[PDB]
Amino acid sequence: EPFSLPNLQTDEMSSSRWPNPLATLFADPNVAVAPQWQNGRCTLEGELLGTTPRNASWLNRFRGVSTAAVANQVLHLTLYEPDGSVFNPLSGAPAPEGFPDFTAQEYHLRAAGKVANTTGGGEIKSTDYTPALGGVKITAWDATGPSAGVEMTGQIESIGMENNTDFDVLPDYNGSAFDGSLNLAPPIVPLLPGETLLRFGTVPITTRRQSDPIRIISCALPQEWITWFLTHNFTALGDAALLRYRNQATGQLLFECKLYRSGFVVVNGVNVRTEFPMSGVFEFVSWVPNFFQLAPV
């Protein structure tokens, strides 16, 4: 089938790195380092990359089994994948599908099992966020159960986040500074030098906002585009899909952009951080080579 994108406005779509509606659309050419996001990554031909979950709703969800009974507000889980199979550290994955792919001081959560007295809240402290090792230690856990051997499923709800730039810093998934053995999706770098990554932004709930209160986490593809690629049998006939971003109510063509086949969008001619209207729709035009030069925004 010929390539297309869903006829949804940006503000009708969802982040693929934090479950929430998209709220901003912007290009920032002065970010310190290129992002290496592990969620929200998919090729145009429908190949998921990194820890990107195939089920949209497994983003920020987790499943596991308690390794010991709760004591001293500590719950340790051996981690499973969304399919219920055991997560195998030896596979090279940094974490089960859908796990957070950025640095934070705390990851706040809620969880429950299928038996009584297992609904609780807690958090994973940064030093304990080492899912590549096969488990996570949940602290400040406020339920009396579970006992050992009980399946738990939960949701990461918010983060302790003192510094917004840490959304673009991968966590120490294996508890060390050395990620060489991990099978990580590659950094996102525009192919032409004047191009700037187009960021789809949303607002997560965070604590530790005393220094500066604005929190924005970006992703490369709206979740609805990822699902679109999974539900169509597209062939990437060129290096990039040339798209137009159009306000369908007002007719105004806002800009053209390139959706590279590895799954990210760029615009040209951005010299300072630039925000774009949210009520537009992205429409496919044609396939273009990597060095196709876009009209500046």
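Numbers follow the displayed sequence, beginning with 1.
>> If you take the mean CA temperature factor per stretch, which one wins between 188-196 and 157-165?
In response: In the deposited entry, the stretch with the higher C-alpha B-factor mean is 188-196.
> Taking only the CA atoms, which stretch has the higher mean B-factor in the record, 210-218 or 72-80?
Replying inline: According to the PDB entry, the answer is 210-218.
> Out of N183, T119, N88, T202, which one has a C-alpha B factor higher than all the others in the entry?
Replying inline: Within the set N183, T119, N88, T202, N88 shows the top C-alpha B-factor.
> Which of these has the highest Cα B-factor in the record: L44, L59, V266, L237?
Replying inline: Highest C-alpha B-factor among the listed options: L237.
> What third of the chain, by the recorded C-alpha B-factor, contains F178?
Replying inline: Ranked within chain, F178 CA B lands in the highest tercile.
>> Lowest, middle or highest third: which one holds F282 when the chain's residues are ordered by CA B-factor from the entry?
In response: Middle third, going by the recorded CA B-factors of the chain.
> Which third of the chain holds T274 when residues are ordered by C-alpha B factor: lowest, middle or highest?
Replying inline: Its C-alpha B-factor belongs to the highest third of this chain's values.
> Sorting the chain's CA B-factors, does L48 end up in the lowest, middle or highest third?
Replying inline: It belongs to the lowest third of the chain when residues are ordered by C-alpha B-factor.
> Ranked by Cα temperature factor within the chain, is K125 in the lowest third, the middle third or the highest third?
Replying inline: For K125, whose C-alpha B-factor we compare with every modelled residue in the chain, the answer is the middle third.
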